[PDB]
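Chains as they are written, first to last, in PDB author numbering: chain T, 99 to 148; chain Q, 228 to 284; chain P, 228 to 284.
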């Protein structure tokens with residue numbers, strides 16, 4: 099059953115690599131969007147200060 | 228216009244506050260989406276990496 | 228007041244766009260969070276399921 103071996107590894111290797119990468123890639127996108135939220139907070143504070 | 232201004236100012240302030248609430252909620256979603264990815268793909272992907280080993284033998 | 232109103236109204240409408248942009252981004256991040264939660268869930272459960280089925284052997 100070469101297929102069980104192909105599947106046992108394909109399931110794990112293709113997914114752990116692609117999936118964990120999406121977790122951290124998006125974590126950075128999300129952190130940047132969170133920075134945008136901070137920058138909007140900053141923008142709101144600056145408009146009020148002016 | 229003073230009232231339109233106070234109202235527009237209320238709207239501006241509303242929008243500044245709404246934006247502030249959403250600046251907070253965007254950052255909470257930016258941090259929650261981040262944290263959920265960071266912990267979810269990182270853990271469940273990891274669990275699939277562990278599958279690579281878990282299902283060995 | 229006309230100028231202050233134009234600014235309060237412009238700032239309000241603009242800021243209201245920041246409200247809808249942050250809000251939209253929050254909803255999109257939530258759809259992503261959900262999808263992330265869903266994938267997390269699906270993976271942990273697929274593994275836990277398969278593991279329960281495959282605890283034994």
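Virtual Cβ for every residue (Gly too), placed ideally from N, Cα, C.
Which residue's Cα is closest to the Cα of residue i: the options?
i	options	result
residue 141(T)	245(P), 258(P) and 229(P)	245(P)
residue 262(Q)	143(T), 128(T), 100(T) and 144(T)	128(T)
residue 283(Q)	122(T), 107(T) and 100(T)	107(T)
What residues in its chain sit with their C-beta under 6 Å from that of residue i, if we drop five residues either side in the sequence?
i	result
residue 113(T)	none
Less than 9 Å separating the beta-carbons of residue i and residue j?
i	j	result
residue 239(Q)	residue 235(P)	yes
residue 270(P)	residue 275(Q)	yes
residue 131(T)	residue 273(Q)	no
residue 266(P)	residue 268(Q)	yes
residue 124(T)	residue 249(Q)	no
On the criterion of 16 or more Cβ atoms from any shown chain inside 10 Å, does residue i qualify as buried, or is it exposed?
i	result
residue 104(T)	exposed
residue 251(P)	exposed
residue 280(P)	exposed
residue 102(T)	exposed
residue 247(Q)	buried
residue 264(Q)	buried
residue 145(T)	exposed
residue 137(T)	exposed
residue 116(T)	exposed
residue 119(T)	exposed
residue 243(Q)	buried
With hydrogens ignored, establish whether the beta-carbon of residue i is closer than 8 Å to any heavy atom of the ligand COA.
i	result
residue 269(P)	The ligand COA is not among the ligands present in this structure, which contains no ligands whatsoever.
Please work out which residues of its chain come closer than 8 Å, Cβ to Cβ, to residue i, disregarding the five sequence neighbours upstream and downstream, and give them in chain order.
i	result
residue 241(Q)	none
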